[PDB]
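Protein chains: 2
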Amino acid sequence: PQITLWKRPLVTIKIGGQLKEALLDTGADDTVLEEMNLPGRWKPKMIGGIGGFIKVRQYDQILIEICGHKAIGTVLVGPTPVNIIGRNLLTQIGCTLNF
Amino acid sequence: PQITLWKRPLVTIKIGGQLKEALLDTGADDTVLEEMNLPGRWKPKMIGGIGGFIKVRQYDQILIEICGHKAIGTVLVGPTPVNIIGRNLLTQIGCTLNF
Ligand SMILES: COC(=O)N[C@H](C(=O)N[C@@H](Cc1ccccc1)[C@@H](O)C[C@H](Cc1ccccc1)NC(=O)O[C@H]1CO[C@H]2OCC[C@H]21)C(C)C
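For the record, the sequence lines run as chains B and A.
Note that the first sequence covers residues 1 to 99 in PDB author numbering.
Note that the second sequence covers residues 1 to 99 in PDB author numbering.
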């Protein structure tokens with residue numbers, strides 16, 4: 001579809017068998033989701049933005065469905081205030097900016 | 001134009017007569033630029049991000065040119081790690097997300 005930017009571009013995603021709301025974010029290199037218990041091994045990581053860094057758990061080869069479009073990649077889990085879909089998965093669903 | 005997301009969506013902007021590089025960021029409500037000397041009056045403000053909050057200078061009704069498209073609106077100036085163009089100006093240049 002086409003998503004305007006008058007409001008935060010929030011969409012429904014499906015991950016680990018759960019439905020969640022997440023922000024489509026062209027300014028994020030990576031995907032960061034709110035604390036959740038995902039199975040499997042993980043690696044510690046630090047990600048930064050405005051204000052500093054937060055500690056997250058890095059999960060690899062995670063399947064996410066974004067408005068019916070499937071993506072598979074690295075997902076970070078930690079104390080983020082909002083679920084963020086970053087460029088690593090947005091490229092897989094063929095998302096582009098247009099103006 | 002149409003911009004893919006394999007690389008960071010960086011563009012050249014012109015503000016206060018100076019050229020700078022900035023990130024087109026659908027995950028930002030507001031536009032935040034690195035410390036710089038802008039003409040006009042300003043007010044203190046605080047903005048938050050993934051790491052916490054930072055103190056910024058809020059400039060209102062500022063003219064900014066984003067890849068040749070003119071916008072006039074609120075610009076925040078402070079210790080952000082990268083210049084970000086947020087939704088407040090992205091809407092003025094007619095930017096949308098498509099997939
Ligand atoms: C390589 O580094 C990265 O990719 N970092 C990503 C990242 O932080 N990206 C930033 C832009 C960015 C900033 C610094 C360095 C690189 C990019 C943005 O895209 C996403 C955030 C999301 C958000 C939304 C609401 C509350 C907290 C956080 N938006 C934001 O901070 O917006 C600010 C400014 O506007 C305000 O509205 C919303 C909050 C306010 C991480 C997500 C991985």
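In this text, a Cβ means the ideal position worked out from N, Cα and C, and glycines have one as well.
Query: So what does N98(A) bridge to, in DSSP terms?; Result: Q2(B) and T96(B)
Query: Under 8 angstroms Cβ to Cβ from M46(A), same chain only, skipping five residues before and after it: list those, please.; Result: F53, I54, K55 and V56
Query: Would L76(A) count as contacting chain B if we go by Cβ distances under 7 angstroms?; Result: no
Query: I'd like the list of long-range same chain contacts for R87(B), defined as Cβ closer than 7 angstroms, with 5 residues on each side in sequence excluded.; Result: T26, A28 and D29
Query: Going by the beta-carbon positions, is the gap between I62(A) and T96(B) smaller than 7 angstroms?; Result: no
Query: Indicate the three-state DSSP secondary structure (helix, strand or coil) for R57(A) in the structure shown.; Result: strand
Query: Let me confirm a value: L19(A) is counted as buried when at least 16 other C-beta atoms fall within 10 Å, else exposed. Which label applies?; Result: exposed
Query: What are the complete beta strand (DSSP E) segments, minimum 3 residues, inside the stretch 12 to 37 of chain B?; Result: 18 to 24 and 31 to 34
Query: Who are the neighbours of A28(A) on chain B, taking C-beta pairs under 7 angstroms?; Result: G27
Query: Can you tell which of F99(A), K7(A), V77(A) and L90(A) has its C-alpha closest to the C-alpha of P44(A)?; Result: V77(A)
Query: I84(B) and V32(B): beta carbons closer than 7 angstroms?; Result: yes
Query: Candidates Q58(A), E34(A) and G51(A): which alpha carbon is nearest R41(A)'s?; Result: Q58(A)
Query: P81(A) bridges to which residues according to DSSP?; Result: Note: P81(A) sits in no beta bridge, so no partner.
Query: Please tell me whether, using a cut-off of 6 angstroms, the distance from the CB of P9(B) to the nearest non-hydrogen atom of ligand 1 is below it.; Result: no
Query: Can you find the residues in the same chain that come closer than 6 angstroms, C-beta to C-beta, to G48(B), ignoring five residues on each side of it along the sequence?; Result: none
Query: Compare the beta carbon distance of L23(B) and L10(B) with 7 angstroms and say whether it is the shorter of the two.; Result: yes
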